[PDB]
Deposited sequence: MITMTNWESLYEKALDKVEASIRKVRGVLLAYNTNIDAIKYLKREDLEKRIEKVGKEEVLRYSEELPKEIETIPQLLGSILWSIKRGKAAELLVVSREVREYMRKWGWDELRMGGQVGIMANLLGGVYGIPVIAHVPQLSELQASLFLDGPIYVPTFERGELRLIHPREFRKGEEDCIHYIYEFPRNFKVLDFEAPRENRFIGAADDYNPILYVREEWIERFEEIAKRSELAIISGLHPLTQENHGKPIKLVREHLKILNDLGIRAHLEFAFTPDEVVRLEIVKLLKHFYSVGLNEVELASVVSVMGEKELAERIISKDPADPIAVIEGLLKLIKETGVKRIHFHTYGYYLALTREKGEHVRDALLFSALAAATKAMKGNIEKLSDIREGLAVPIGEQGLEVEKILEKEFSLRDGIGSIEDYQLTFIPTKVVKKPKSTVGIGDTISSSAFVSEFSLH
C-alpha cells in the first residue's frame, strides 16, 4: 500500500489544480475564541447576579436573551464538561459579548473553511457563498483564488456573524464548580446560518454563478429544524437541479443532523446529489432514520466499524437515492462505492487519507507539499484487518472490486471529515 500511497500523492500533487472552480455554498461565519479565566468570569457573574446565573447553569435556556442567561449557559457547560450552543437573540447581550471580546479569531462554517483549504492551499478557484461579508469576515480568508460573486472578486475587495466559543480546560474552576472535561460553550450571534440563509443574488441568478464552477460542495444543512427547513430545502433542491443540468457534480458531507425529520428529507435530497461522504456515526444516524435500526447499531457497535455492516448500510442508501458516489470514512479505513470507474477513485481516497494524517500530526495543512509528510506514517493495524475481511467477501485487487454495477474501493488509513471527503471528491475529478 505504501507504494500506491506515494504514486497517488504524486499524481494529485500535479493534477489537483486542473479543477476549474469549486462552488461552496451557504454557511460561512466568524469564530471568536475566548479562553476563560476564573477571576474574570466570577467577577462578571457577581455583577449580573450569582443567583440568576446559577439557575441557568442547572437548566440550559432555549436561547440567550440576557447576560445572566449567557453566563449561566457557560457555567452549564463547565460543571458538566459538555459542549452546548445557543443563539444570542438580544442586541444587548451581543454588545456585551462584543465588549468582552476574544483571544483569537478563526474562519467558521464549512464554506469558509473549505475555501481556505481548496483555494488557499490546493490553489483551486473557489466561488463562495457568504451570508454576511463584513470586513472582519473577509479578513479570515487566506490569499489565493478565493472569490465571491457580485464578476468575481476577492472577499477583501467586497454585519459580523460571530460565534463566541468560550473554551475551558479540564478541571477549570469557577465558583464552587470544576470542569470534568475540556470543552466549550458557544454563543452564536448569528441569525443567518441557522436557517441556511441564501444571499438574494444566489436566489435570483444561481445559474450564472454556477456556470463559473466545475464542481460544487454544499454544506450547512445539519442545523435545520422541522420549523425552518421548508424554504431552504426548496432552494437547495432548485440549485441542485440547475447544477445537474449543467453537468456540475455536487457533493455533501452528511454531517449529523439532530432533527430527525430534516435528516430523512436530506437523505431523499441525495437523489439530486452526485456525491455524499460520511463516517460511521453519520451513516448509523442515516440508516436508523431509514428504518434500519438493526443495521444502525451494528454499524457503530464494533471498532473498527464492521465493514460488512457499513456496506449493507451503504447499499440501502444507494437503493433509496441512486446517489452515484459514496465516500465512507472512519478511523482505520475508507470505502467508496461509485458508478464512475477506474483507479482514479483510489488515487483520490489515498490522497485524502494523507491529508487527514497530515492535519492530524501537524494540526493544520498550510501547503499542498506538506501532505507528503503523511507518507512516512505507518499503515494502521486495523486497516489491514478490515482488508482481510473484504478480500473474503469480495474479489478485491489492490483495494478495488465491485457490487451491483458500483465499483468498490478500499483503502487502509494511516480530517474533520470535511477535509477528507472534500479532498477526495475534488482530487478524484481533477484526474478525470
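Note: segments 1 to 6, 157 to 162, 171 to 174, 431 to 439 of the deposited sequence have no C-alpha coordinates in the structure.
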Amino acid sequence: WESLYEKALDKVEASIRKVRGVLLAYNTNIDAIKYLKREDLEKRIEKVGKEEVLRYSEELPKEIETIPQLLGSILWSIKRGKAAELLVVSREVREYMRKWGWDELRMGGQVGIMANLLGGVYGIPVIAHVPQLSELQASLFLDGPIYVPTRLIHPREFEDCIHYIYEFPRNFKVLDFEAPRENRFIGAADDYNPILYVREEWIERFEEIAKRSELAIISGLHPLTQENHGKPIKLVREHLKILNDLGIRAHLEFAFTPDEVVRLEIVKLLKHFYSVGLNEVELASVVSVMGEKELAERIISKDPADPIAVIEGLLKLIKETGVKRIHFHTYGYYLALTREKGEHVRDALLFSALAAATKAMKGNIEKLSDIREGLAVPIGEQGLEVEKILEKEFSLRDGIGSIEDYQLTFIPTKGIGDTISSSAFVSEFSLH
From here on, numbers count along this sequence of modelled residues.
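When the mean C-alpha temperature factors of 14 to 22 and 416 to 424 are read from the deposited coordinates, 416 to 424 comes out higher. Averaged over Cα atoms, the B-factor as recorded in the entry is higher for 174 to 182 than for the other of 174 to 182 and 218 to 226. In the deposited coordinates, the residue among 139, 338, 279, 150 with the greatest CA B-factor is 150. Across the residues 365, 32, 70, 36, the deposited record lists the maximum Cα B factor for 365.
The deposited CA B-factor of residue 361 belongs to the highest third of values across its chain. In the PDB entry, a CA B factor belonging to the lowest third of its chain's modelled residues is recorded for residue 253.
Placement of the Cα temperature factor of residue 27 within the chain: lowest third of the modelled residues, per the deposited record. In this PDB entry, residue 239 carries a Cα temperature factor that places it within the lowest third of its chain's modelled residues. Compared with the other modelled residues of the chain, the Cα B-factor recorded for residue 429 ranks in the lowest third.
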